[PDB]
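Values below: all heavy atoms of this structure, side chains included; hydrogens, waters and symmetry mates excluded. Numbers here simply count residues along the sequence, with the first being 1. In listed order, ligands and their atoms are each counted from 1.
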Amino acid sequence: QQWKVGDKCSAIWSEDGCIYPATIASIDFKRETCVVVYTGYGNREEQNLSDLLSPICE
Ligand SMILES: Cn1c2c(c(=N)c3c1CCC3)CCC2
């Protein structure tokens with residue numbers, strides 16, 4: 001997938017290694033990272049772009 005800022009996705013939370021819904025807050029194209037915000041949980045963390053999942057994965 002080609003992701004954009006604001007996209008809904010699912011990501012693997014670094015704390016528990018499980019998949020959750022999130023929104024892309026920003027993308028660093030040089031570093032190939034992004035920051036996601038976990039829906040309903042308020043927190044954010046960086047992900048590798050390559051690691052994001054379809055927003056249907058939950
Ligand atoms: C399940 N969970 C998740 C996140 C949390 N901050 C917290 C929980 C549990 C409490 C904090 C991020 C994505 C999933």
Output side-chain donor-acceptor pairs under 3.5 Å for residues 48-58, partner residues at least two apart or in another chain, one line each.
unit_1	atom_1	unit_2	atom_2	d
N48	ND2	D51	OD2	3.2
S54	OG	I56	N	3.2

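Using a 4.5 Å heavy-atom threshold, the side chains of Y20 and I12 count as separate. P21 places none of its side-chain heavy atoms less than 4.5 Å from the side chain of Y38.
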Does ligand 1 have any N/O atom under 3.5 Å from a protein N/O, and what are those pairs and their distances?
unit_1	atom_1	unit_2	atom_2	d
ligand 1	6 (N)	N43	OD1	3.0

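Note that CD of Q47 and CH2 of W3 are 11.0 Å apart. Values are rounded to the nearest 0.5 Å. The NZ atom of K8 lies 5.5 Å from the OG1 atom of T39; values are rounded to the nearest 0.5 Å.
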CA sep, side-chain torsions, deciding dist, call: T33, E46, side chain to side chain donor-acceptor pair (under 3.5 Å) = CA-CA 7 Å; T33 62; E46 172 196 299; 4.7 Å; no
